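Below: the structure, in structure tokens.
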Amino acid sequence: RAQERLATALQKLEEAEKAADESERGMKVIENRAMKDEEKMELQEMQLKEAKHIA
Amino acid sequence: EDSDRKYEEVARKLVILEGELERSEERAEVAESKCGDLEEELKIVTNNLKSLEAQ
């Protein structure tokens, strides 16, 4: 039963860390997207600004 | 784009308004030249009729 619960531990940690690392690639892509939205906001609020300027 | 095409439209209206107010003074001044020469010949013919009124 030692090695039985051992195998349970193995499969559990394995699936749990696969989930952790898919959440990790999720955080990679969402930080990317966050900087993307940041520069988006910058440049598009800026074209709004120059729109008001020339308006 | 609203401000843009609006100013462009009214600028075309201004350029045509200039293209007409230019010769506005032209067809004004030709009228005055006419007035002048007509009054002149008026005086001439009034003198000539009177000179011929003799007998």
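Scheme for the structure tokens: letters A, B, ... for chains in order shown; per-chain residue numbers from 1; ligand numbers from 1 in order shown.
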- Residues of chain B no more than 10 Å from chain A, counting only C-alpha atoms: send them over as a ChimeraX atom specification. /B:1-4,7
Once you have the residues from the selection above, write them out as a PDB file, in the first residue's frame, restricted to N, CA and C atoms.
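Saved result, again-v1.pdb, follows:
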```pdb
ATOM      1  N   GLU B   1     -13.040  62.510 -39.314  1.00  0.00           N
ATOM      2  CA  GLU B   1     -13.441  62.598 -40.713  1.00  0.00           C
ATOM      3  C   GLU B   1     -14.542  63.631 -40.894  1.00  0.00           C
ATOM      4  N   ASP B   2     -15.420  63.776 -39.895  1.00  0.00           N
ATOM      5  CA  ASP B   2     -16.475  64.778 -39.961  1.00  0.00           C
ATOM      6  C   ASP B   2     -15.887  66.169 -40.118  1.00  0.00           C
ATOM      7  N   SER B   3     -15.075  66.579 -39.145  1.00  0.00           N
ATOM      8  CA  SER B   3     -14.406  67.870 -39.235  1.00  0.00           C
ATOM      9  C   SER B   3     -13.636  67.997 -40.543  1.00  0.00           C
ATOM     10  N   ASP B   4     -12.990  66.913 -40.975  1.00  0.00           N
ATOM     11  CA  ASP B   4     -12.163  66.930 -42.173  1.00  0.00           C
ATOM     12  C   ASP B   4     -12.979  67.281 -43.405  1.00  0.00           C
ATOM     13  N   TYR B   7     -14.582  70.830 -43.326  1.00  0.00           N
ATOM     14  CA  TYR B   7     -13.703  71.933 -43.687  1.00  0.00           C
ATOM     15  C   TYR B   7     -13.345  71.880 -45.164  1.00  0.00           C
TER      16      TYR B   7
END
```
